[PDB]
Amino acid sequence: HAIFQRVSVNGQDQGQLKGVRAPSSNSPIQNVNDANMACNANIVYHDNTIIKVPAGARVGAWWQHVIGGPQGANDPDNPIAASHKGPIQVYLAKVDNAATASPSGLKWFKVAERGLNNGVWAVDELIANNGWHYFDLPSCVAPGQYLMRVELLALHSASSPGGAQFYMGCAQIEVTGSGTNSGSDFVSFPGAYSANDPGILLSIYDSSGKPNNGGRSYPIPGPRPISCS
Ligand SMILES: [Cu+2]
């Protein structure tokens with residue numbers, strides 16, 4: 001359990017909860033067809049900040065166990081429980097106004113993904129970076145208003161149908177710059193994922209119980225991220 005609550009753009013912190021729609025109370029989604037798979041349920045924090053992100057920028061998304069982080073407490077499950085290994089991905093959906101747009105029934109395209117690399121998951125990197133997930137918004141992304149959905153998929157129980165846990169939230173962004181590419185390989189949320197996808201229904205464990213996926217590659221679910229080639 002963890003909540004996306006803050007964005008950085010090229011190392012500039014945009015402010016706690018600025019432009020990030022967040023619940024205060026996050027259970028995971030475990031049904032890939034849940035209506036709230038886009039931007040999560042029971043949003044409490046929703047301001048009218050629209051974050052300017054240059055195409056090409058390095059974007060940080062901050063996650064903490066609870067809203068505001070531990071504020072000095074020793075939380076072993078901050079930024080997220082270490083057991084919760086999995087990928088982190090980012091999608092965009094174009095909207096007319098990112099402050100006011102509803103998340104339902106949009107067309108999403110993938111702009112970044114990170115999975116498993118030499119036994120290290122994206123979630124491990126998140127933990128190493130104190131809750132920050134970094135990715136590069138590709139330089140070709142067309143300017144305009146978008147919701148930016150950051151999704152963490154925890155696979156510690158994913159060997160059982162329905163056992164995968166999806167954590168997500170949406171930031172309100174305006175992409176600026178010189179890009180012209182609006183996406184190619186679009187999905188619905190819900191609708192992107194099957195519960196039998198091999199990156200959703202799998203054992204990530206070797207025989208000793210190490211969550212290193214046993215030397216197997218991890219097939220990240222969803223469409224391919226856009227390429228600027
Ligand atoms: Cu959890």
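Numbers here are sequence positions counted from 1. Side-chain atoms are counted along with the backbone in the values below, which use heavy atoms only and exclude waters and symmetry mates.
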Take the angle between the ring planes of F189 and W108 and call it parallel below 30°, perpendicular above 60°, tilted in between.
-> perpendicular

Test side chain to side chain contact (heavy atoms under 4.5 Å, CB included) applied to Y218 and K85, step by step | CA-CA 12 Å; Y218 175 67; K85 301 316 186 195; over 6 Å; no

So, [X] side chain and [Y] main chain: donor-acceptor pair closer than 3.5 Å or not?
| X | Y | result |
| --- | --- | --- |
| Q145 | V95 | no |
| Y205 | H156 | yes |
| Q5 | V66 | yes |
| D77 | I80 | no |
| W62 | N130 | yes |
| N129 | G131 | no |
| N181 | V141 | no |
| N40 | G169 | no |
| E151 | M168 | no |
| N213 | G215 | no |

State yes or no: do [X] and [Y] share one hydrophobic cluster built from I, L, V, M, F, W and Y residues joined by side-chain heavy-atom distances below 4.5 Å, directly or via other members?
| X | Y | result |
| --- | --- | --- |
| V123 | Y193 | no |
| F4 | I173 | yes |
| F166 | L201 | no |
| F186 | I226 | yes |
| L155 | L126 | no |

Go through the steps to decide whether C39 and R21 satisfy the test side chain to side chain contact (heavy atoms under 4.5 Å, CB included), and finish with yes or no.
-> CA-CA 8 Å; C39 295; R21 300 186 177 187; 5.6 Å; no

Steps toward side chain to side chain contact (heavy atoms under 4.5 Å, CB included) verdict (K94, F109) = CA-CA 9 Å; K94 184 82 197 76; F109 59 102; 5.6 Å; no

Do the side chains of [Y] and [X] get nearer than 4.5 Å, heavy atoms only?
| X | Y | answer |
| --- | --- | --- |
| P79 | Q64 | yes |
| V175 | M148 | no |
| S194 | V32 | no |

Taking atom types as modelled, is there a side-chain donor on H1 or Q165 under 3.5 Å from an acceptor on the other?
-> no

Heavy atoms of other groups near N42 CG, more than 12 under 6.0 Å |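 For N42, atom CG is not crowded (no more than 12 foreign heavy atoms under 6.0 Å).
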
Give a yes or no on whether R58 atom CZ has more than 12 heavy-atom contacts from other residues, nucleotides or ligands under 6.0 Å away.
->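 No, the 6.0 Å shell around CZ holds no more than 12 heavy atoms from other groups.
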
Nearest heavy atoms of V7 and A171, plus distance in Å =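 Minimum heavy-atom separation between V7 and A171: CG2-CB, 4.0 Å.
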
Could you go step by step and tell me if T49 and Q14 meet the side chain to side chain contact (heavy atoms under 4.5 Å, CB included) rule?
-> CA-CA 9 Å; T49 299; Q14 298 307 109; over 6 Å; no

